[PDB]
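These notes are about the structure you will find just below.
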Amino acid sequence: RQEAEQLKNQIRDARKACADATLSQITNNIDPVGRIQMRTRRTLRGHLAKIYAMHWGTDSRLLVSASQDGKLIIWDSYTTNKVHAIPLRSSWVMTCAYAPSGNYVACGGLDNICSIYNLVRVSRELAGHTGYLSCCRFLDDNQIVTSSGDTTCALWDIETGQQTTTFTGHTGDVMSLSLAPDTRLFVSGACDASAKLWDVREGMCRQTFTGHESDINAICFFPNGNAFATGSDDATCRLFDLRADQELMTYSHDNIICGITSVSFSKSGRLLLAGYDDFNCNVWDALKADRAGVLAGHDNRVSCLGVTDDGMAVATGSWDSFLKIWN
Amino acid sequence: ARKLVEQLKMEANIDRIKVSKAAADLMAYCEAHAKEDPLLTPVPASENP
Amino acid sequence: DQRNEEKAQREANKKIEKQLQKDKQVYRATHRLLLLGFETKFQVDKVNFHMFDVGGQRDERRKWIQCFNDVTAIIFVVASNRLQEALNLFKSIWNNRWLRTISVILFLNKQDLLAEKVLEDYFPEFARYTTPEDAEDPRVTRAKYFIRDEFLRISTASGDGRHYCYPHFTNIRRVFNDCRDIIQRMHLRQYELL
Amino acid sequence: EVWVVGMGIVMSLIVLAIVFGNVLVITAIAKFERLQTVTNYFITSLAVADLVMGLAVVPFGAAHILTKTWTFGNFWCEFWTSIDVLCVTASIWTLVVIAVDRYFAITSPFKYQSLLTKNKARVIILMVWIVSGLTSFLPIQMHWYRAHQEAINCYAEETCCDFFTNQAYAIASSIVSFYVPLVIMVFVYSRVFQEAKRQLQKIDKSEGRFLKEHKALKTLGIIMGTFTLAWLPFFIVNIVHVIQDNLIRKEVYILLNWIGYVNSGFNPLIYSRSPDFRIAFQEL
Amino acid sequence: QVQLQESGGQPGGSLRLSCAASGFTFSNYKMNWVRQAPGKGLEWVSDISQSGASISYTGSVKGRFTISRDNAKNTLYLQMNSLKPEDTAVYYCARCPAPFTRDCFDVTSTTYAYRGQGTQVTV
Ligand SMILES: CC(C)NC[C@H](O)c1ccc(O)c(O)c1
């Protein structure tokens, strides 16, 4: 009741005690890189409906797309062809996944089931949730850090279909997650304006960051392991930390009203892409909110985004069945 | 309720480093790896598939 | 080599694009529905109805309801203060950004439940009510035609010619004869003809 | 002197009114890739059959009435007459196949999106451009129309490049030209306007308490009424000049057939009423 | 964070309920009150638009109460004129989950928790 209202004030005093300066003040440094732009180098016109989420492969070529038409097309970003075209049980999928060994593709959406495919037939249908799924990632070839909408990030085992650790307790719908480069801890943005980093080893919360005013759509992670950025439905992309526990910047302009749909960093972390909702996707510079390119294109949405393992060419999805590759 | 009161104590027994040193590592990572940034640095047309 | 690898995938690029175009003539002929408050497929005179459902998902609908923005008709089944909490749902589907161009079908519930309990108004503008005609009793048709007027009181303030409400009073032939009216009135508003 | 000097700009406005309005249907369909639906391939045949007229018929039709002598000579006036029929029998037949595309969408609404794809929208423009070529390059080049009082005095001799049809070429081709597109495009717009005055009578039964039918009869007068006005008297004179001679008048076959060449000037202003075209034009 | 505190308190008297909004911008959020009598589920009571235009109500609390947001002190006020014995309910000050919208899904169950309790009003 009232016995826990004073313990939170010990954190708000401590998190403001470590606020020595700002990123906006200590970056009196070299100039921004000017207006950058990218032209659509490919166009993967194969789908029939909206692309809700894709995932660029670990091979830096073979991306996997997942649309609401029932298709899971394992594309090819080099010869534009289609290596496979996997049909699905239920017509909706909201996320797809790619193993780092390049030999597994996981996909599953509003049908409450994370299915496992091996690049054509099913392998294991890891049911057990009581909500829609929102993001699936691979740790190794037998372990996935799934999200849900039932307030619970889980961790299945593809051998014998068991839930090893249930990262429970978020008081709201969970949305897209990410993964550290060390693959031992993962953040989870959710519909409570709270990006709560968990821990795979222990199996509970390690921190909890709150800097948003509305629900969180998608999230990313920094390419070293000491930060992560988060986009929400109020046209903002806040950049948090892990050793200072406070947000540093807020990437927002005056005119933008539409909410963020997907966020992913570059290879060196300097360029923070952001898939907006007003039919384009900006390129925010991570040390100063310069907005160094409008990067137009699609005419319905920018529903998902993803950068390669080598940082070569991003792949903004859409809601009119067109992927585009930008280098 | 009775479980949230024990959960903030497990977040209060963790030290932290100030922003001027915790954001000094992100500056050292966005500057040293600038030679291997194919989106920031425009690669030549002889290798850009 | 560099001559068999291009034919390694072009035999798979042209065995798949000859299959997707044989599946494109099935997705284009399936009409998606949504029985808003587990899939089912029925047909009526050789057209495929891909009627969805939401039964297992929780009661917080703001992120699996923008996943249904290509559906042609949201079957908004409602009952006859249960109405007021089930009208702000319809108030929010209408004024939404992604479900804006989706013409809602509305099914009021069993009319004997509004006929047994009258022989309880919960609204201020129910006493001064001038009832319309073409019903059956005047003590029942004055009550049934109020929520059928209240649900249509919002549907004309943001109609804009794109999406209308098509209220009924309860059967697959009554959706087939109304899903045709959605397709005809969609093709007519783009011709600058309606 | 001054009468032909005033026509040297107004008839040379028609050539510029075409190519400044019928490149906004070419360079705004093959560019934006969003409005490239199946029903905007038919309209692409309304700016390609249009550009044959505005670049190879309408400018060359000005030099025939400015200098009053065909400088190109023979073996071209059997082709300029054969390229003018091809740009008229296809600019009218496409107006049918756009309208039958509309009539099948409304009066058969469940079997249009899944039985008319982009793999048979180049069959039903090929089958139209082969009917418009069958009455333009087959009779007017193999000389099936050369019939004779003055039809053999100037049609094959020297520098008398005009139109002298036979007693059956101006009847059996002016049925395929106009009067077959006036049975199909009147039966289409009497089973489509019967629908557009039924939904406006079924909306106002469950909605109409919270005439306005001048929306329907405005875009059925700038579609159906601008086509049976600019091409109707020009294809009612062509059946009279062969069957009789009482309507010759020397400038009601030239300055009255020219009012059909401005029917193609409004076709990028009428069939571009979709809202996807209105946004794509401001960027150019 | 998003702190939604509440304040304020014989059938037929009067009551005035005040709140706060610390953490977000208050100029562009479609705030609304939601009450729940004990034993039953949550109901709807009121609404406030982004400027003070579309002041809606429910069926039974129509005309009696009067609500106006301030938009200057991050506060909205629910003036309860001529209260009733059927208003024995706890009054949660809800929130509209997206800036610049015209829809609200803020009626349902306990899927939001980071908010003050809301004062108990009994008759
Ligand atoms: C006078 C010539 C140059 N043009 C004839 C006219 O355009 C025409 C069009 C279509 C026909 O079928 C036709 O007989 C005549």
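Every residue, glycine as well, gets a Cβ built from its backbone with ideal geometry; the counts of neighbours run over all protein chains shown. Read-outs throughout are calculated quantities, based only on the coordinates presented, and are distinct from any laboratory measurement.
Out of (1) part of a loop (DSSP other than H, G, I, E, B); (2) within 28 Å of A:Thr22 (Cβ to Cβ); (3) hydrophobic (A, V, I, L, M, F, W, C), what's the single condition that is false for A:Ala296? Condition (2) is where A:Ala296 drops out.
Looking at D:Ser108, is it within 11 Å of chain C (Cβ to nearest Cβ) and hydroxyl-bearing (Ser, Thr, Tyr)? In short, yes. Cβ separations smaller than 8 Å between residues 6+ apart or across chains give the following pairs from the stretch A:65-78 residues that are more than 7 Å from every other protein chain (Cβ to nearest Cβ) and aromatic (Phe, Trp, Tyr) to residues that are buried (at least 24 other Cβ atoms within 10 Å of the Cβ) and in a strand (DSSP E or B): A:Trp75/A:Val64; A:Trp75/A:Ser65; A:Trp75/A:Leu323. Only one entry in D:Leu211, D:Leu220 is away from the ligand (no atom under 16 Å from the Cβ), surrounded by 15 or more Cβ atoms within 10 Å (Cβ to Cβ) and either within 10 Å of chain C (Cβ to nearest Cβ) or under 30 Å from C:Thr156 (Cβ atoms) (or both), namely D:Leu220.
Exactly one residue out of E:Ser68, E:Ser27 is among the hydroxyl-bearing types (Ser, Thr, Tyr) and under 17 Å from E:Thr101 (Cα atoms): that is E:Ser27. Taking E:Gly63 as the residue in question, decide whether it is loosely packed, with under 15 Cβ neighbours inside 10 Å, in contact with a helix residue (DSSP H, G or I) (Cβ under 7 Å, 6 or more places away or on another chain) and assigned to a loop (DSSP other than H, G, I, E, B). So E:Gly63 fits the description; yes. Among residues that are of a type in the set (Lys, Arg), away from the ligand (no atom under 12 Å from the Cβ) and within 10 Å of chain C (Cβ to nearest Cβ), D:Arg198 is included. Between D:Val48, D:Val38, the distinction of being closer than 30 Å to D:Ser114 by Cα, more than 19 Å from the chain's Cα centre (by Cα) and either surrounded by fewer than 17 Cβ atoms within 10 Å (Cβ to Cβ) or more than 11 Å from the ligand (Cβ to nearest atom) (or both) belongs to D:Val38 only. Quick check on the stretch A:268-285. Is at least one of its residues hydroxyl-bearing (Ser, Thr, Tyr), buried (at least 22 other Cβ atoms within 10 Å of the Cβ) and facing chain B (nearest Cβ under 10 Å)? Yes, the stretch A:268-285 has at least one match. Restricted to the stretch D:243-273, and to residues there that are part of a helix (DSSP H, G or I) and buried (at least 16 other Cβ atoms within 10 Å of the Cβ), the residue that is farthest from the ligand (Cβ to nearest atom) is D:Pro268. With respect to the conditions (1) surrounded by 21 or more Cβ atoms within 10 Å (Cβ to Cβ); (2) of a type in the set (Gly, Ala, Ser); (3) within 14 Å of chain E (Cβ to nearest Cβ), A:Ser188 lacks only one, and its number is (3). Contact map, the stretch D:65-89: first residue under 28 Å from D:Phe227 (Cα atoms), second residue acidic (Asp, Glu), Cβ cut-off under 8 Å, separation 6 or more or different chains; pairs are D:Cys87/D:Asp50. Report whether or not D:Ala62 is out of contact with any strand residue (DSSP E or B) (no Cβ under 7 Å at 6 or more places or on another chain) and within 24 Å of D:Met224 (Cα to Cα). No. For the stretch D:165-186, taking the residues that are among the hydrophobic types (A, V, I, L, M, F, W, C) and near the ligand (Cβ under 10 Å from one of its atoms), the one that is surrounded by the fewest Cβ atoms within 10 Å (Cβ to Cβ) is identified as D:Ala172.
Checking A:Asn224 against (1) farther than 26 Å from B:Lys3 by Cα; (2) buried (at least 22 other Cβ atoms within 10 Å of the Cβ); (3) in contact with a helix residue (DSSP H, G or I) (Cβ under 6 Å, 6 or more places away or on another chain), only one condition comes out false. Which one? Condition (2) is where A:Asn224 drops out. Put simply, of D:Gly54, D:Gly21 the only residue that is at negative phi and away from the ligand (no atom under 16 Å from the Cβ) is D:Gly21. Where strands (runs of 3 or more DSSP E) fall wholly inside the stretch A:158-227, no range has 3 or more residues that are farther than 24 Å from A:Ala106 by Cα and in contact with a strand residue (DSSP E or B) (Cβ under 6 Å, 6 or more places away or on another chain). Only a single criterion out of (1) of a type in the set (S, T, N, Q); (2) outside any loop (DSSP other than H, G, I, E, B); (3) more than 14 Å from chain C (Cβ to nearest Cβ) is not satisfied by A:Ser60, namely (2).
Yes/no per residue for (1) under 22 Å from D:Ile65 (Cβ atoms); (2) within 14 Å of another protein chain (Cβ to nearest Cβ); (3) within 16 Å of the ligand (Cβ to nearest atom):
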{"residue": "D:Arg122", "(1), (2), (3)": "no, no, no"}
{"residue": "D:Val128", "(1), (2), (3)": "no, no, yes"}
{"residue": "D:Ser132", "(1), (2), (3)": "no, no, yes"}
{"residue": "D:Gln141", "(1), (2), (3)": "no, no, yes"}
{"residue": "D:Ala151", "(1), (2), (3)": "yes, no, yes"}
{"residue": "D:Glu158", "(1), (2), (3)": "yes, no, no"}
{"residue": "D:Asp162", "(1), (2), (3)": "yes, no, yes"}
